[PDB]
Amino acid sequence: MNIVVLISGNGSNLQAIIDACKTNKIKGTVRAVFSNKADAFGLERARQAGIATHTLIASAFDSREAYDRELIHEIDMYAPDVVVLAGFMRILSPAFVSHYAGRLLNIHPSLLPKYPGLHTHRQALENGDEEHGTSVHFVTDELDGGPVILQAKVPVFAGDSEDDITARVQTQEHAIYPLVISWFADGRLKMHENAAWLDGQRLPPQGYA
């Protein structure tokens, strides 16, 4: 089972995935890690693990379509069974989403449908929500509109800073992402009729309950 991970920054989720393959919780391997930022430390995590790395700078391309195309061309050298977005700060084109339909995953730092887009933690905290979390879902063209597979809620108390809750959510992300990937790896997770299905059963709008 070949996994290709796409990142943009630190890559703590990438690390959790790497560790899960190592323990075999995930019966597969991370074949490659792609980044749109040359600096991303995640690349360094993959490097140290003997995993291949690649970098595609948006400037070197003259259109989003041209960029994803070279991305698809590159990612495919590894014959991935699933493409995983772990902190990938770049929106993917419909062509790309199409090419990996049903096998493209992402983990959004909020309790979807709440706060699609960037700056989740802040909004959650500035709006005064008593509950925050993360959501792993199948990627569709709609910015975080795809079928939610699993969420991990996290209590929000007075006094918690933006970083406090962020580190709290992160701890959950490291738990549910590798898990969702393992479900996928065992052919227990699929998507059709734009819905997410676990063990053959339809999952609710907010993921496995």
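Don't overthink the numbering: it's just position in the shown sequence, from 1.
- When the C-alpha B-factors of 50 to 58 and 179 to 187 are averaged, 50 to 58 comes out higher.
- Taking the PDB entry as given, 59 to 67 carries the higher mean Cα B factor of the two stretches 23 to 31 and 59 to 67.
- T134 sits in the lowest third of its chain by CA B factor, as recorded in the PDB entry.
- When all modelled residues of the chain are sorted by CA temperature factor, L6 is found within the lowest third.
- Ranked within its chain, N127 lands in the highest third, by CA B factor from the PDB record.
- Looking at the C-alpha B-factors along this chain, the one for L118 belongs to the highest third.
- Ranked against the other modelled residues of its chain, the C-alpha B-factor of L143 as given in the entry falls in the highest third.
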